[PDB]
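Engineer: 3D, please:
(chains A, B, C and D)
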Number of protein chains: 4
Amino acid sequence: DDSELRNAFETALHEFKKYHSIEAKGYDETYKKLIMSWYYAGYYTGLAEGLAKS
Amino acid sequence: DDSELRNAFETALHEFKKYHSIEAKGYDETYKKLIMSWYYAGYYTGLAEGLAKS
Amino acid sequence: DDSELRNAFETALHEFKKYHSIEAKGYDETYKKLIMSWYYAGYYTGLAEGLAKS
Amino acid sequence: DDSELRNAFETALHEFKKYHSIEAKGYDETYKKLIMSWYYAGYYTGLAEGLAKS
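Structural biologist: Residues are numbered from 1 along each chain as shown, chains lettered A, B, ... in the order given. The coordinates are given below.
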């Protein structure tokens, strides 16, 4: 009956939210690489400056 | 004339747009400081390692 | 004959040339990582700004 | 006497080292532009990629 369509809709709704949660996961890993990249840029910057004072 | 009183509306309308988005601005500043902090942790870690080698 | 023993000299002479210039090679690798690090800091900074605009 | 020549030589020696210190200054600024250029190449690369995901 019309119950099968409503059940199908909740399924498609579950897949929709499951998809955006993956999208959010991707944005999270992106911002972690952003932070590490700034850490290493500072590290090799400081390291070169330190070797020069030799 | 109208120009004086009209700007007083856009002026007030401006400060109220700021107020409505102070939290979002706070998250933004929080993440800028996060990024600068990790840069600097890296900087001073690399510097110290570079000075030690001499 | 001579070919076998002669190559053993150039072979050993090679590894010892490497040893004599490991520090200079270290400075070189340090500066390659410095360059890649700043590229990546820029990459992820620009990406995040580009995603935010949507 | 021969003291004037030795004094003249130390002067010319001072100018010689003062010149190479400028040369070293030029090599330094060159490597800073090298690093910034890689930063901006990454930045505009990331930024374009970010706008595309729109």
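Engineer: so which helix or strand takes in residue A:54?
Structural biologist: Assigned by DSSP states H and E, residue A:54 falls within no helix or strand.
Engineer: grab the nearest non-local neighbour of it.
Structural biologist: Using Cβ to Cβ, 6 or more residues apart in numbering or on different chains and skipping the chain neighbours, the partner closest in space to residue A:54 is residue B:54 (5.1 Å). Backbone N, C-alpha and C define where each C-beta goes, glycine included.
Engineer: kindly report the same for residue A:48.
Structural biologist: residue C:34 (5.9 Å).
Engineer: circling back: from chain C, how far off is the residue nearest to residue A:54?
Structural biologist: From residue B:54 across to chain C, the span is 13 Å (Cβ to the nearest Cβ, to the nearest Å).
Engineer: hmm, that residue is touching residue B:48, no?
Structural biologist: No: contact criterion Cβ atoms under 8 Å: residue B:54 and residue B:48 do not qualify, at 11.7 Å.
Engineer: relative to residue A:47, how far out is residue A:10?
Structural biologist: The gap separating residue A:10 from residue A:47 is 56 Å, by Cβ to Cβ, to the nearest Å.
Engineer: list the contacts of the residue nearest to residue A:48.
Structural biologist: A:44, A:45, A:47, A:48, D:35 (Cβ atoms under 8 Å, 6 or more residues apart in numbering or on different chains).
Engineer: helix or strand: which one has residue A:15?
Structural biologist: Going by DSSP H and E, residue A:15 is part of helix A:2-52.
Engineer: could you check the angle that helix makes with helix C:22-52?
Structural biologist: 140 degrees (axes from the mean of the first three to the mean of the last three Cα atoms, to 10 degrees).
Engineer: residues near the closest residue in space to residue A:47 that isn't next to it in sequence, how many?
Structural biologist: Closest residue to residue A:47 apart from its sequence neighbours, by Cβ to Cβ, 6+ apart: residue B:46 at 3.6 Å. By other Cβ atoms under 10 Å in any protein chain shown, 25 other residues sit near residue B:46.
Engineer: with residue A:49 instead?
Structural biologist: Residue A:49: 14 neighbours (other Cβ under 10 Å).
Engineer: looking at residue A:10 and residue A:47, which one has more neighbours?
Structural biologist: residue A:47 (24 against 9).
Engineer: correct me, but that one touches residue B:49?
Structural biologist: Yes: the pair residue A:47 / residue B:49 is scored as a contact, 5.9 Å apart, by Cβ under 8 Å.
Engineer: ok, the residue nearest to residue A:48 to residue B:51 distance?
Structural biologist: Taking Cβ to Cβ, one finds residue C:34 at 17 Å from residue B:51.
Engineer: show me what from chain A comes close to chain B.
Structural biologist: A:31, A:34-36, A:38-54 (Cβ under 8 Å from any Cβ of the partner chain).
Engineer: what subset of these is buried?
Structural biologist: A:34, A:38-48, A:50-51 (16 or more other Cβ atoms under 10 Å in any protein chain shown).
Engineer: how close does residue A:36 sit to residue A:46?
Structural biologist: 16 Å.
Engineer: let me see the contact set for residue A:49.
Structural biologist: B:46, B:47, B:50.
Engineer: isn't the last one right up against residue A:46?
Structural biologist: Spelled out, that is residue B:50. Yes: Residue B:50 lies in contact with residue A:46 (Cβ under 8 Å); the separation is 6.5 Å.
Engineer: wait, what's in contact with whichever residue of chain A sits closest to chain B?
Structural biologist: Going by Cβ to the nearest Cβ, chain B is nearest to residue A:50 of chain A, at 1.7 Å. Residue A:50 sits next to B:46, B:47, B:48, B:49, B:50, B:51, B:52, B:53 when contact means Cβ under 8 Å, 6+ apart.
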